[PDB]
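Have a look below at one chain only, the form deposited in one PDB entry, in structure tokens format.
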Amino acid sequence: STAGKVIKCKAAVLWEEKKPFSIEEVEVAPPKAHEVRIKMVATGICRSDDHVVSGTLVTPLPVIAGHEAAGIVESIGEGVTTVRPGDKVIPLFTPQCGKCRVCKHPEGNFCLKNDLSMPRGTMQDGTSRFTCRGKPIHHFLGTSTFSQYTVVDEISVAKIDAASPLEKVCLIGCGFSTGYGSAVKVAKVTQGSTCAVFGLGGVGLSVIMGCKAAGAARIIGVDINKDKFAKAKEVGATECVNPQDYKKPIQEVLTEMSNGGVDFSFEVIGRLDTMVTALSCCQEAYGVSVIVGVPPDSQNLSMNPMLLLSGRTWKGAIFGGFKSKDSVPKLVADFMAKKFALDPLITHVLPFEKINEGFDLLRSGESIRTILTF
């Protein structure tokens, strides 16, 4: 019925940094060749969407943010072969073209068609499908899910199980997969190890889930908000520590509690100082530290290279190291088979029109993941 036509719908537009989202009427153009128009069903509020509002994450404005979501294909442009109208799908903020050097490498996942390194906030063809008040509105990492309808490139969408609960599996579009993969795929947590997880929001909780699934014996959660500790323990943290309770630096405290440094540490916050602290708290000769948190745009950290010369391994990853199009469908299938849980991350559910309230909950420290329904 709407196939091949402009759709007029509501979307949350961010017109300028540090302002509330504006629920407005936008026009969404029909999908061009190899493009997929999606009717959104659920979208999570991730800290990275708030980074766009705060200026932490820089991307051309005005913009329709949102990148963690699930929806139903409304229509497909010419040449699309991987999804059909009616299919449940999850948009991929990291594409999987399957032809670049990274897509062909066994460990790479940061596809070279990404819109993160040199952000333009467009479709792959350099143009936008969004218009508001007559003005073109940018996309966000080829996803833009804070809208009733969006249009993505075929390499930025994956078909998922037809029976999946989209108000839950939207978390596989970012939060869950990032945390879980960070532990299980990037760090490769080992059985019996000691892990330290800095930041106990949705991503940090999914890191804990992954460490516990990998058989870690000790999983130490670190947060300055102690209200985060109960849920952290629920999904696997054996201990939790608040840096504000101590008179000495947390890396010392953690080095002492792990009898010389942890096997695996994770930075899941987004601060330069906690990135260096997480590196330091892993065992100097064989420790591994993974950066997951997004740092303030263009800022450099300072660190002593002797931390690495002793033997430490330092790495970072986008989306838990998962090749997005190949893994999203398998993660949904595993969720359907009850291999992991997603309810522990969901603390609040709000209609899409209350998006600003959902961001207020995140910023106040009260929520983990707010799921917005359309």
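Throughout, we count residues from 1 along the sequence that is shown. Rigid core: the largest C-alpha set superposing within 1.5 Å between the two forms.
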query	finding
Stretch with the greater mean C-alpha B-factor as recorded in the entry, comparing 75-83 against 205-213	75-83
Per the entry, higher mean C-alpha B factor between 160-168 and 139-147	160-168
Top Cα B factor in the deposited entry, candidates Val152, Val197, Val235, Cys103	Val235
Residue with maximal Cα B-factor (values as given in the PDB entry) among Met303, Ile250, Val186, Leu279	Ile250
Record-listed C-alpha B factor of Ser182: chain third	middle
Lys339 by Cα B-factor - lowest, middle or highest third of the modelled chain	highest
Ranked against its chain, the third holding the CA B-factor of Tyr246	highest
Assigned third (lowest, middle, highest) for the C-alpha B factor of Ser327	middle
Chain-wide C-alpha B factor ranking for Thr94, given as lowest, middle or highest third	lowest
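Below, we turn to the form deposited in another entry, even though it does not appear here.
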item	value
Conformational change between the shown form and the other one, one of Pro85, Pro165, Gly77, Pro296, C-alpha moving 2 Å or more after core fit	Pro296
Large Cα move at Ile224 between the shown form and the other one, threshold 2 Å, rigid core	yes
Per-residue C-alpha change between the shown form and the other one, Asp125, threshold 2 Å, rigid core fit	no
Threshold 2 Å Cα movement between the shown form and the other one at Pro249, rigid core reference	yes
Sense of the change in Cα distance from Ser298 to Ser128 in the other entry - at least 3 Å versus the shown form	farther
